[PDB]
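Just one chain follows, in the form deposited in one PDB entry, and it is written as structure tokens.
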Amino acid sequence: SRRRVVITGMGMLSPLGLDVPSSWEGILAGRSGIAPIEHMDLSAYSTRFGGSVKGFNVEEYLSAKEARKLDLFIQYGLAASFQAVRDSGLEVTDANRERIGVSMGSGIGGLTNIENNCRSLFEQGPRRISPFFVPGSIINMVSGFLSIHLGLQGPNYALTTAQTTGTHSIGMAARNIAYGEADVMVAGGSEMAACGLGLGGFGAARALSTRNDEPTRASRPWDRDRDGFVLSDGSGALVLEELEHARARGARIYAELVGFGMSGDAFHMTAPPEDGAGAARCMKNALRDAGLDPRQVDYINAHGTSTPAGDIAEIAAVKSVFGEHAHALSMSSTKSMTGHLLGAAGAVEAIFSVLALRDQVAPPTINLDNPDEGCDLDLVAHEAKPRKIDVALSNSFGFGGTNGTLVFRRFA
């Protein structure tokens, strides 16, 4: 048998806010976090906008000295992680520290740090590379530094599954608890790839919206005028906890994590198949994992990146999985507002899925002015929709055809 896993703590940096409640306020108001990128000459780039974290103050979390050693993606990961642990009320002791672990991931990791040390290397040679280059850039250092700061001796690892990282991180952390490898996990992801290499690299593949005249309208999932995703920065962290452990200490429980699904498309390196067969197997895997019938699903936080082939694939996959219930559930893309946080996308979207359960509201898909051919589901166009939500899904479909689905249910 399996132990039940609940959410007792959440943390976030997003383009909408420096914590969960500010971010969630933005989401329910349909506000965009997308804007031209500042303090960076993007003259030579086809995309000049994205979702930046605005007014982040790392000294709320770290000494200036410890922050100087760590890539922005690590700083953002630690910020969400510290918020989430604080939010949980959890007290680490010698009696429980071996039962508390971390799985914070990233899709792309330390590009900004890699960029600046490349500058040093090419200009002045290798003796100007920072001593903290490696440990300050590698993806497992959010898990590493958090475990050191809080004395966490439980399973300590990091996933990197591109745009699926946060969803897989939360899911596999839930498995650790369910099968008794840990009582508590801090799970999620962080990302900061709005450097030249990120904007340039995605730009070279012509994957990015180039709607530079109206950045806030760039991200328009399922709209006929969409022209690729918007690159965004930030982090999500959840405190995952065994139910009896949560009840014994009187924790506030936001919701229950009931289901986790994984699948591989085995199709293309960057493009999903048109019928979304892989996303369909992954959602079916997640519902079977949760012992739920597709009919019980009320809300889906779509991957919904605003790529032509991705958006249409997800519709095909929802209609395939849900049949005559596909129109009854509400499905929205909060990427319409946040843009695509890549490896942190699944983390902040799991948090939005949990908050949809708490507040009984489907977040909007903003900019959905002209649904495309066969995009005829309840996509929650323009404005938030209060409704009954007992069961919420969060999907992530990333490069390499790697898919994740989380299933959350109301707890009472």
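In this text, residue numbers run from 1 along the sequence as written. Here, rigid core means the biggest group of C-alpha atoms that superpose within 1.5 Å across both forms.
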Higher Cα RMS in 9 other deposited structures of this protein relative to the shown form (core alignment), 344-352 or 32-40, goes to 32-40
Greater mean Cα temperature factor according to the PDB record, 388-396 or 7-15: 388-396
Name the higher of the two by mean Cα B-factor in the PDB entry, 202-210 versus 136-144. 202-210
Per the entry's Cα B factor values, which of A182, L121, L240, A80 stands out as the maximum? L121
From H168, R99, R175, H325, which pick has the Cα B-factor that tops the rest in the entry? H325
Could you say whether, by C-alpha temperature factor, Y299 belongs to the lowest, middle or highest third of its chain? middle
Third of chain Cα B-factors occupied by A35: middle
Looking at the temperature factor on the CA atom of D94, which third of the chain's modelled residues does it land in? middle
Taking the chain's C-alpha temperature factors as the reference, tell me which third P364 falls into: lowest, middle or highest. middle
Going by what the PDB entry lists, where does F229 fall on CA B-factor within its chain: lowest, middle or highest third? middle
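Quick note: we don't show the form solved in complex with a small molecule, though the next part is all about it.
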Only one of 33-41, 54-62, 373-381, 346-354 has residues with a heavy atom within 4.5 Å of the small molecule in the deposited bound form, and that stretch is 54-62
Is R86 near the small molecule? Define near as a heavy atom within 4.5 Å, in the deposited bound form. yes
Any chance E25 has a heavy atom within 4.5 Å of the small molecule in the deposited bound form? no
Could you confirm whether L18 comes within 4.5 Å of the small molecule in the deposited bound form, counting heavy atoms only? yes
